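Analysis of the macromolecular model
Below, each chain spelled out in residue letters.
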Amino acid sequence: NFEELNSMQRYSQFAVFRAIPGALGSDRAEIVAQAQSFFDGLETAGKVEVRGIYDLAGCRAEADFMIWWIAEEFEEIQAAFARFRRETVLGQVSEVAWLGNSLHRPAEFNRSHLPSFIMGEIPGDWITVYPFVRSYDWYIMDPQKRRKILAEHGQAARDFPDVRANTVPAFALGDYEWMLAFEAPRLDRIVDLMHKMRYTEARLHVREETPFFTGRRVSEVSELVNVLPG
Amino acid sequence: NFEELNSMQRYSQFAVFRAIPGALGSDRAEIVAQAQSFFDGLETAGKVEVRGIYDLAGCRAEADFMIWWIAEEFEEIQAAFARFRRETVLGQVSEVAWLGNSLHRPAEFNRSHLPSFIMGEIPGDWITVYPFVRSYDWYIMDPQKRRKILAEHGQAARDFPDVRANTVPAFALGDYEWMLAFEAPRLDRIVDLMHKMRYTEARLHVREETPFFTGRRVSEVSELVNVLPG
Amino acid sequence: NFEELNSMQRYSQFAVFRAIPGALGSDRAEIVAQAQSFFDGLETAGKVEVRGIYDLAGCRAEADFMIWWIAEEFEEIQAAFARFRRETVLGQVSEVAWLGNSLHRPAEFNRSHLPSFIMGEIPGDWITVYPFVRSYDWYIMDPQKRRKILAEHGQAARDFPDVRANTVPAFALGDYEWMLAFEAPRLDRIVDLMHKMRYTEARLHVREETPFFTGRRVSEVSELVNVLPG
Amino acid sequence: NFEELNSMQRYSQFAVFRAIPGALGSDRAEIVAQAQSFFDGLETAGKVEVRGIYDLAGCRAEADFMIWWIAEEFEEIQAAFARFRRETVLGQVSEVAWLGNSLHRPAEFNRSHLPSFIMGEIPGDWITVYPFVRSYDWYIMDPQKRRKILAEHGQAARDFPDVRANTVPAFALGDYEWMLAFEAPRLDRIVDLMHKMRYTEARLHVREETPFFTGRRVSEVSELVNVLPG
Amino acid sequence: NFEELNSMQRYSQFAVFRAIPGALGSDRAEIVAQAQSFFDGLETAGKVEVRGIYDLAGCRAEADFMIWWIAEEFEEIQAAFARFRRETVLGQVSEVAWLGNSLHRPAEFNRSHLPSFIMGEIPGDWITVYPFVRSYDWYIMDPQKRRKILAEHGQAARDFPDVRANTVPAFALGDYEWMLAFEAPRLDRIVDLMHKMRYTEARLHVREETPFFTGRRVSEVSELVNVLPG
Ligand code: HEM
Ligand code: HEM
Ligand code: HEM
Ligand code: HEM
Ligand code: HEM
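Residues numbered from 1 in each chain as written, not as in the entry; some residues may be left out. Chains lettered and ligands numbered in written order. Heavy atoms only, no water.

cryo-EM is the method the PDB entry lists for this structure, together with a resolution of 1.94 Å.

Looking at the PDB entry, one finds chain A named Coproheme decarboxylase and attributed to Corynebacterium diphtheriae. Entered under Pathway (unreviewed entry) in the UniProt record, the comment concerning chain A runs "Porphyrin-containing compound metabolism; protoheme biosynthesis." Listed under Sequence similarities (unreviewed entry) in UniProt, the entry text for chain A is "Belongs to the ChdC family. Type 2 subfamily." (UniProt positions renumbered as here; feature names shortened; annotations may be inferred.)

1. Some remarks on helix α3 (residues 74-87) of chain D
All names here are of chain D. Helix length check: α3, at 14 residues, gives a terminal C-alpha distance of 20 Å against a target of 20 Å (1.5 Å per residue), a fit within 8%. Extensive coverage of α3 is indicated by the burial of 10 of its 14 residues. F74, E76, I77, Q78, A80, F81, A82, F84, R85 and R86 are the residues of α3 that are buried. (Helix = DSSP H or I, 4+ residues; strand = E, 2+ residues; numbered from the N terminus. Expected span 1.5 Å × (residues − 1). Buried < 20%, exposed > 50% of the residue type's maximum accessible area, 1.4 Å probe, protein only.)

2. A word on the interface of chain A and chain B
With 32 residues of chain A at the interface, the matching set in chain B holds 39 residues. The interface formed by chain A and chain B contains four salt bridges. Our count for the chain A to chain B interface comes out at 16 residue pairs in polar contact. Mapped onto the side of chain A that touches chain B, the elements with two or more residues apiece are β1 (11-19), α3 (74-87) and β4 (94-103) of chain A. Looking at which element gives the most residues to the side of chain A that touches chain B, the answer is α3 of chain A, with seven residues. When grouped by side-chain class, the residues that make up the side of chain A that touches chain B number 16 nonpolar, five polar and 11 charged. (Contact = heavy atoms within 4.5 Å. Salt bridge = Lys/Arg side-chain N within 4 Å of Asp/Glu carboxyl O. Polar contact = N/O pair within 3.5 Å; in protein donor to acceptor, adjacent residues only side chain to side chain. Nonpolar A, V, L, I, M, F, W, Y, C, P; charged D, E, K, R; others polar.)

3. So, the relation of the copies chain A and chain B
For the pair chain A and chain B, the superposition axis carries a translation of 0.0 Å, the fit reaches an RMSD of 0.1 Å, and the rotation angle comes to 72°. The operation mapping one copy onto its partner corresponds to a five-fold rotation axis. When C-alpha positions in chain A are compared against the rotation axis, the closest is assigned to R207 of chain A, at 10 Å. A low fraction, 3%, of the interface residues of chain A reappear at the interface in chain B, so the copies pair through non-equivalent surfaces. (Least-squares fit on C-alpha atoms.)

4. As for the coordination of the iron atom of ligand 3
The sole protein-derived ligand of the iron atom of ligand 3 is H153 of chain C (NE2), positioned 2.2 Å away. Within the secondary structure, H153 of chain C is located in helix α5 (residues 143-155). (Donors = N, O, S within 2.8 Å, 3.2 Å for Na, K, Ca; no water.)

5. Topic: the UniProt feature "active site" (unreviewed entry) in chain A
All names here are of chain A. Under the UniProt annotation, the feature "active site" (unreviewed entry) is placed at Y130. The topology assignment puts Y130 in strand β5 (residues 126-134). Since its relative accessible area comes to 5%, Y130 is described here as buried. Excluding its chain neighbours within four sequence positions, the residues that come into contact with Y130 are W178, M179, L180, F182, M194, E209, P211 and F212.

6. Here we look at the pairing of strand β7 (residues 178-184) of chain E
Residue and element names in this part refer to chain E. Burial of β7 is extensive: seven of the seven residues sit out of reach of the surface. The side-chain alternation of β7 yields two buried faces, one formed by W178, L180, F182 and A184 and the other by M179, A181 and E183. Sheet analysis places strand β5 (residues 126-134) next to β7, joined by seven bridges and oriented antiparallel. Counted as the bridge partner of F132 is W178 from β7. (Pairing = 2+ DSSP bridges.)

7. Focus: the pattern of salt bridges
Oppositely charged side chains can pair when the atoms bearing their charge come close. Going through the model one piece at a time under the given rule, you end up with 95 salt bridges over all chains. Here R207 of chain B ties to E209 of chain D by a salt bridge, and the two come within 4.0 Å at their closest N and O atoms. Linking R207 of chain B in strand β8 (residues 206-208) with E209 of chain D in the loop between β8 (206-208) and β9 (213-217), this pair reaches from one chain into another. You can call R207 of chain B partly exposed: its relative accessible area is 31%. Given the relative accessible area of 7%, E209 of chain D is considered buried. When the shortest N-O distance is used, the salt bridge between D162 of chain C and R189 of chain C registers 2.9 Å. Placement of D162 of chain C in the loop between α5 and β6 (164-169) and of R189 of chain C in helix α6 (residues 187-196) is noted, with a sequence separation of 27 residues between them. A relative accessible area of 17% places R189 of chain C in the buried class.

8. Section: the side chain of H205 of chain B
Of note, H205 of chain B is situated in the loop between α6 (187-196) and β8. In this view, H205 of chain B contacts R134, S135, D137, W138, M141 and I149 of chain B; residues no more than four positions away in its chain are not counted.

9. Considerations on the site of ligand 1
Residue and element names in this part refer to chain A. Taken together, 21 residues sit near ligand 1, with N110, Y130, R134, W138 and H153 positioned nearest. Taking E108, its main chain carries an N or O atom lying 3.3 Å from an oxygen atom of ligand 1. With respect to ligand 1, the backbone of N110 contributes an N or O atom lying 2.8 Å from an oxygen atom. The residue makeup of the shell around ligand 1, split by class, is 13 nonpolar, five polar and three charged. (Near = heavy atom within 4 Å.)

10. A word on the packing of helix α2 (residues 29-45) of chain C against helix α3 (residues 74-87) of chain C
All names here are of chain C. It is at 11 Å that the axes of α2 and α3 come closest, and there the two elements cross at 160°. Relative to α3, α2 is oriented roughly antiparallel. Classified by chirality, the crossing of α3 by α2 is right-handed. Residues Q34, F38, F39 and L42 of α2 pack against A80, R83, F84 and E87 of α3. The class makeup of the residues in the contact of α2 with α3 is five nonpolar, one polar and two charged. (Axes fitted to C-alpha atoms, helices over the stretch in contact; angles between N-to-C directions. Parallel < 35°, antiparallel > 145°, perpendicular 65-115°, else oblique. Left-handed = near helix turned anticlockwise from the far one by under 90°.)

11. Regarding helix α2 (residues 29-45) of chain A
All names here are of chain A. The end-to-end C-alpha distance of α2 is 24 Å, a good match for the 24 Å that 17 residues give at a rise of 1.5 Å each. Buried residues belonging to α2 abut β2 (48-55), β3 (65-71), α3, α4 (89-92) and α7 (221-225). Directly beyond the C-terminal end of α2, a positive phi value near 80° is found at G46.

12. A closer look at the pairing of β1 of chain A
Residue and element names in this part refer to chain A. Counting buried residues along β1, eight of its nine residues qualify, which places the element largely inside the surrounding structure. Across seven bridges, the pairing between β1 and β3 is antiparallel. Residue pairing for β3: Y11 is matched across the bridge by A71.

13. Focus on the interface of chain E and chain D
Frequently, the measure chosen for interface size is the accessible area that the parts lose on association. Each side of the interface is counted separately: chain E has 39 residues, and chain D has 32 residues. Note on chain E versus chain D: buried area summed over both sides is about 2,900 Å², and carbon and sulfur give 55% of it. Where chain E packs against chain D, one counts four salt bridges. Ionic pairing is found between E177 of chain D and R198 of chain E, a salt bridge with its closest N-O pair at 2.8 Å. Remark: the boundary between chain E and chain D carries 17 residue pairs in polar contact. For the side of chain E that touches chain D, the elements supplying multiple residues, two or more each, are β5, α6 (187-197), β8 (206-208) and β9 (213-217) of chain E. Top contributing element to the side of chain E that touches chain D by residue count: α6 of chain E, with seven residues. Taken together, the residues of the side of chain E that touches chain D sort by class into 18 nonpolar, eight polar and 13 charged. (Buried area = accessible area lost by both parts, 1.4 Å probe.)

In structure tokens, the structure reads:
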């Protein structure tokens, strides 16, 4: 099944939205119902799978929530994103703060390493998401040296098996080279893993790893809508 | 033939526009008709050739669609751009997010390499566009060394004949040195080509290659207008 | 008690808010009462401890005040922040300018060094807060060399015992690695400490240390509200 | 006369303005008349000389037009700029996007090199304008080495006599060190000159050279006003 | 005398404001009277000394005027700044663009060098103001080497005795390390001094010296208000 997983085509998108104060209002039952119906229709259509909806309140100033969804074709993700912005009140009263796009590809050296969403694992309660850009000479470095560096990098995360990693190529889908998403039952586990991962040689070959988006998964869109400002 | 193609003068522009939420509205038949009439008049005039209209939804937060058009004189492009912003409702309800200008010139060493729009090829279904700035010492480097680096760079793209490249000088037309546009029937081909091109020595002489704009070509302006946010 | 203080889990947040001119109005008695009731309810609930409210007027153009609060679970901080933005007029008429999140962890070498808020010290009259990012090679450097550098760094502050330091890990909670907060009875002491600390080898291993937020602690929220613009 | 030209005191300003969509309207006869009267009064007063008015449409997203004007005293330029923003509808419905200030000084080595506006040449149909910041060690370089580098730089532009250069010091008048303005009858000449000038050793001593503003000179302000967005 | 000047406590602030077009209006007599009354009350209170009010029109796009004021305690500056933004129409119709804070301290080596405002000199007709950040290794450099570099730097300004310099520490009061203000009867003298100062070894140890604010001192607030955009 590993060959099928490595050969499968899956576009993934983290759509980060910022709430506009004073636009949502105080009566939100109909907004909740409309958003829930939109997501139910997305699920029924069977093209775009909504991996998660995350509350980003308190993480950074310019973000309020995030939608992680995956589809076989990128045009399906485009249609879902445009429809969410166009035909839902929740989409109309929110601005797009950041979009993280990626396309699933097999790893360069360790082909047994696959994204958590590709392997169909249960999403974690807490997520962190950020783009990544390697150094200019990273890819033309001696393949044995890069393979050893990546092996040490992966070994450094052996003490955090409860944190599931998604490392997806993001070339030509934005300003970045990779999209990284870490899911864990507890946020402190993600923080500790990020702290521990600084002790790796791979840190010498980093150009950009911002912005960060840290959020808590919500069971339903009502829980997210009822906490938004304005 | 090739000498004439290398000697012809052609200005090209990627005009990227962002939709203003709450401005387009829900009734869009007359807006579609007016935009289509504007583009038909542009085609009839025969000065500005609209190479393509692309839907950028889901690519990045600050972009919504893109117009790629080419004219012999830059005054004609200026007039078309101003007229689109001034006399069309679609232009009036959109903000200009980014402009990529370029002027066609023959290549430094491989004079047989020509832009896809200069060759008059059929535009691809998917496009990616970004500006490019080389390193400070790139142009004063030993011409033989730079020629060999560029030859290896080109050779690295031998496995993607279905991805057509447009590399056009952009000096003094903006903040950048080159404008790069890649057209392909499938987006995954563009992503794979961009990933593969990282394994080149030319990556050691890069200063700026952002922002990126990835989009899908639309057959007519109605298809684009009907998906924009209200 | 030191082991428990190094083992306790505490999330800390500096929520920086900017006032919107013309939104607060001139009649502020009811706004003051509502904000005071919100903070009293926060204190009564016993989950989120508001360490301080600080007036940032005159520090920088994009900030007006700041709330420093600490909770055992980050979801409690999220709920408090969202509730402040949603159910108080003061939170509705202000924008979020910057959020500094951190999770308390024991120090790498000097485990006797603890944050002032962890030790339960009385907050100082003046505070300065900024994020911090170390150099790429800082964590993979020889542990003895880094320990010596950090020892010299801490020793350089021998002459400022009245300035209490809070150095908290901030990995995966934002764009930064550390969150630093210095509390002192006098602002000039903070300025002198920051000037003196430039004479350390650790300054050779700094990547980002901005933005800064310098403020005065207010006894009650009325004192802050009565000086806000508009 | 060369000594008199070198000793002459002349402040020059490129004031770049961006049109606010929806503010100018459709009836522009009275606006055109008022702007023309303002510029005629400026010419009659004899203090501020308007070198040119340039249409920047299609160059970059944040610019719409530019005014190049020169006066003996900088307070005269300040007064003219304030009056244009205050007493003309065109000034009131536009935002200031960028200001390039400079004061004429003789060249360091080649004192025969003078700005085109100092020599009183006829302005070209096309202009490009950008600020410039040299490297930190550029000025403390060995004077003979810097003189040789500058001589080679000037010699590299021997094939573009139709492009007139304006290199003016800009220290303490902004964020930059120099203001550069190139005027040519054809835009392609400016593009070719900028491309050719990359093959110089001086490119090794560049820190900032952006933003760029490329525009076409208009005969009268009516031509500019009639093309601005509504 | 000099010991008292080096030991006195003085906070200084440059508050830069940008005018909001369409907010001031055309009838400005009462606004002028209210602003003048506010400044007269500030003078009468005797705590905050307004060193100057400067017209920044034509300097940069994001600035319109500047207030330079000095007080013994930073709380007094905070109160004056908040009161200006809160109780004056001029403060209400303007937005803070940049704040430069500093605290007077004696120089490291040449203790006879004091800020012009500390020595009580008459303010010049023209001012330039900018923040400054030294290199990372500047303060841990060999003290004799740094002293020699600073001596050569100071000596390089031997030919500009008419330009008075204010170099004040700015640590922990913002994003910067130093705040520099140069006052001169003529702006061309400031430009020439800044040009000449580039020929110093100290230029090798600069990290940040922007933004710049150049302005002309006004005799009274009416002169400033009457030129602001409507
Ligand atoms: C539990 C956490 C993590 C695990 C298990 C892990 C493991 C791995 C593995 C096995 C690979 C495959 C490399 C190969 O063989 O080609 C990989 C790739 C990668 N990892 Fe991680 N890693 C973790 C955390 C991180 C962190 C914290 C970062 C960045 C701060 C990161 C950045 C990357 C990137 C960008 C790649 C793409 C390969 C490349 O850059 O060439 N990962 N990771
Ligand atoms: C199918 C894809 C590509 C093909 C066939 C290709 C091939 C070429 C060729 C033949 C040249 C002219 C070399 C010469 O004049 O000696 C060229 C120029 C250039 N290419 Fe590509 N390339 C491709 C992709 C890319 C990518 C991915 C980038 C950047 C990330 C890029 C950046 C450039 C630039 C900036 C130039 C201008 C020449 C210069 O910088 O001096 N190209 N390319
Ligand atoms: C009264 C003021 C200060 C005191 C007493 C102090 C002392 C200390 C001590 C004892 C540590 C423990 C390091 C270890 O044992 O591993 C530490 C860590 C740290 N300090 Fe300070 N310091 C002060 C000011 C500063 C300043 C001014 C900065 C930055 C400009 C700073 C940045 C840091 C950082 C980032 C750490 C985390 C350790 C690391 O980076 O690996 N501190 N400090
Ligand atoms: C037709 C085009 C050009 C001509 C004729 C030309 C020639 C010259 C000459 C003769 C000088 C006097 C240097 C001296 O002896 O002190 C000069 C200065 C200068 N040039 Fe050019 N140049 C041209 C284009 C450019 C370009 C394309 C740039 C930058 C991209 C540039 C940047 C500068 C600067 C910044 C100076 C100031 C001197 C300094 O930096 O120390 N010029 N130029
Ligand atoms: C008339 C103009 C100027 C005069 C008379 C002057 C002179 C001095 C003197 C005597 C000091 C004392 C240094 C010491 O004793 O430790 C000093 C400090 C300083 N000067 Fe200047 N200078 C001038 C212009 C400038 C300029 C143009 C800059 C920056 C572009 C600058 C940046 C600084 C800074 C940042 C310091 C703080 C000391 C330090 O960085 O360690 N000054 N200046």
